[PDB]
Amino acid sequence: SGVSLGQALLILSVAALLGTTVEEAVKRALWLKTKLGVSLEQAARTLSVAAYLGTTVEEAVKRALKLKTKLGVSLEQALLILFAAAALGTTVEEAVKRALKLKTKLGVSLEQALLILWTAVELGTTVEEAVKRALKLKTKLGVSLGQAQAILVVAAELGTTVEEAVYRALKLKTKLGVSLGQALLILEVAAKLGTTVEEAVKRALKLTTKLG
């Protein structure tokens, strides 16, 4: 029970994505988190997958649950599938094949594999090249693969070099005393909101009750 800064930022991003007020975004998210008994993050993510698919939230969930039972995955994983497949513009079976192809090939989570696939979409590169870049960062900065891919996409959303992205991220981790995760989040949210980092955070803090 409580809103970590992280959750708050995401919800901002959702509010943005839906194009609703952040009061209504958070109302919907907290309503979904209880109705489904998921994390708040997962509730926001579900809102964002439904939007991404151009569907209603029930419809998305109904579909996820047909993939949860059919493939024996977790709900979130089912949502990720749907999202990945959308992004690609393929079928779920194809998406699922490619992801379990990356999962085995690289020794990662299914979730990681999907996200790699989605990063590739955004970067406009091959999945081989995306993994390349992510492994380059992982090593260069001693960061996790997740971080690496995150940085990549954030660098993309900003329309800046990965170097400059890191600079600003690190600069926000020093200036504000956040983790790298948080900084990246903040950067992307602010870019999606079309505001400063300071504005985005102040907005996030209005929702933050827990201490991330």
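So that there is no doubt, residue numbering starts at 1 and follows the sequence shown.
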What stretch has the higher average Cα B-factor here, 101-109 or 138-146? 101-109
Just say lowest, middle or highest third for the CA B-factor of residue 34 relative to the other modelled residues in its chain. highest
Hey, what third does residue 78 fall into on Cα B-factor, ranked over its chain? middle
Would the CA B-factor of residue 53 place it in the lowest, middle or highest third of its chain? highest
Split the chain's modelled residues into thirds by Cα B-factor; is residue 155 in the lowest, middle or highest one? middle
Residue 161: CA B-factor among chain residues, third -> middle
